[PDB]
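Participant: below: the sequence, then the experimentally determined structure.
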Amino acid sequence: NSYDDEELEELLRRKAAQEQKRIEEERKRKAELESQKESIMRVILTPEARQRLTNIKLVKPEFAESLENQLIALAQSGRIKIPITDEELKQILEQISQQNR
């Protein structure tokens with residue numbers, strides 16, 4: 001087409017709406033994964049185990065986020081009894097602390 005200033009303006013306005021759509025879809029995919037993880041945590045941990053992990057996540061988010069993903073995979077496997085109790089979670093944390101701590 002011409003690619004006169006009016007056509008470029010229209011193509012730039014469409015690019016703006018396409019970028020906003022892309023940002024909204026990425027935000028929704030991120031929220032869906034966070035909401036699925038919370039739903040799984042509520043089932044595979046007792047309320048007291050889930051509270052202890054939340055406390056750790058406040059001050060060491062990277063460590064807690066990795067430990068969560070590990071526990072969800074371990075539940076996926078038949079490696080651990082479900083739901084995971086506060087007592088069993090503390091035994092898992094002691095074994096991790098024996099990264100000489």
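Facilitator: Perfect, thanks for sending it. Residues are numbered from 1 along each chain as shown.
Participant: got the buried residues for the longest helix anywhere in the chain?
Facilitator: Of all the elements of type helix in the chain, the one with the most residues (DSSP state H) is helix 5-44. Of all the residues in helix 5-44, those buried under the rule 16 or more other C-beta atoms under 10 Å are 41, 44. To be clear about C-beta, it is placed using only N, CA and C from the backbone, and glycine gets the same treatment.
Participant: ok, residues contacting the helix or strand that comes right after it?
Facilitator: Read in the C-terminal direction, the helix or strand following helix 5-44 is helix 47-59, with elements assigned using DSSP states H and E. Helix 47-59 is contacted by residues 41-42, 45, 63-65, 67-68, 83-86, 88-90, 93 when judged by C-beta atoms under 8 Å, 6 or more residues apart in numbering.
Participant: gap between helix 47-59 and the chain center?
Facilitator: Centroid separation for helix 47-59 versus its chain: 15 Å, with C-alpha atoms, centre = their mean, to the nearest Å.
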